[PDB]
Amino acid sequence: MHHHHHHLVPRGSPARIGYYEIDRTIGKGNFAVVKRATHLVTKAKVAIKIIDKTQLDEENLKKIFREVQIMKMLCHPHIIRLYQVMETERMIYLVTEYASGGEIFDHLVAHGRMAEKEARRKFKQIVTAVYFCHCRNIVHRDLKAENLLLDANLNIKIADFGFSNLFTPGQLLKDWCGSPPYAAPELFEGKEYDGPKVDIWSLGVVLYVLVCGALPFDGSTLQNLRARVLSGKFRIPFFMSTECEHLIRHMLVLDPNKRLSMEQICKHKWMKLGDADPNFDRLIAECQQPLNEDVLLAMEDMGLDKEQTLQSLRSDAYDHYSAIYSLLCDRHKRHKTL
């Protein structure tokens, strides 16, 4: 049955940004669009956050540089990984790791709520990510289901540090952050707040979503949701363990100081349940604190300058050279060719 497959509006040719080939929009931002793209050289898949600075005042531009420097600080298996930054007279391109699984919340809609054994595994991965950030003086401030992503193995990757900010222990912050349902009651009231304690509440709403498949606080209008957040009251389904209810009930506490610290959340009885986890305690210990020559030889064969490659890596400028090393390195762990 001979036939051709024609495209109604003849679709134009794909855009390319210097070895990247843009596929589809995968995110929308305040001043950005996120597009999935392919690195033509390494065949790897990546996300690219694309920012049009023409429409930006000078303030917005500094906030974006702050975000970029924060991202440079975080190389963590459960934090989205920044591969390279490109800038032109007019555009800023952020090339970050691509998460095949997508939003966790949509994934739950498809497959239902998490059995606590599962929820414990992922939450452990999330906390190692957030603890790593807090230990390095950063707060996400927008920890929501939508910013929690899954790779092909369904491991967490936190993403979109646009609302993230640097902080010193005990500073107060004045600007609002994040999605309202994951917002701690102080943000609604508008008080100044300590950064990590507001993430803890957001991490509380996250845990509830994982085990129950529901939101603790929700409303038809912002005022209604606002009422529900301030009440500090929520449903607990019968299937939840008492240790989990203890954990969540003590994370989602209206008094910011009455909230647990990140250190005892890792020690909480619910976390210790199940088979003992050495790898978890290791990543938590690491938070307080070489020359893959195979890839190096491969890049030289492709004609990339051996000396310049080393200079890009040591200088830590995320450029055309460092990104190909990082990408070929991630491919080399997968045991694929070079």
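Quick note: we count residues from 1 along the sequence shown, nothing fancier.
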| item | value |
| --- | --- |
| Unresolved deposited residues in the interval that joins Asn30 and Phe31 | none |
| Residue range whose averaged C-alpha B-factor is higher in the record, 68-76 or 173-181 | 173-181 |
| Higher-B stretch (mean Cα B-factor, as the entry records it), 112-120 or 164-172 | 164-172 |
| Of the residues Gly213, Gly102, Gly190, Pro216, the one carrying the largest Cα B-factor as recorded | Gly190 |
| Maximum C-alpha temperature factor, selected from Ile26, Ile48, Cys287, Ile51 | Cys287 |
| Third of chain Cα B-factors occupied by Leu61 | middle |
| Where the record places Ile22 (Cα B-factor, split into thirds across the chain) | lowest |
| Chain third (lowest, middle, highest) by recorded CA B-factor, residue given as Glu87 | lowest |
| Assigned third (lowest, middle, highest) for the C-alpha B factor of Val9 | highest |
| Third of the chain, ranked by Cα B-factor, where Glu186 sits | highest |
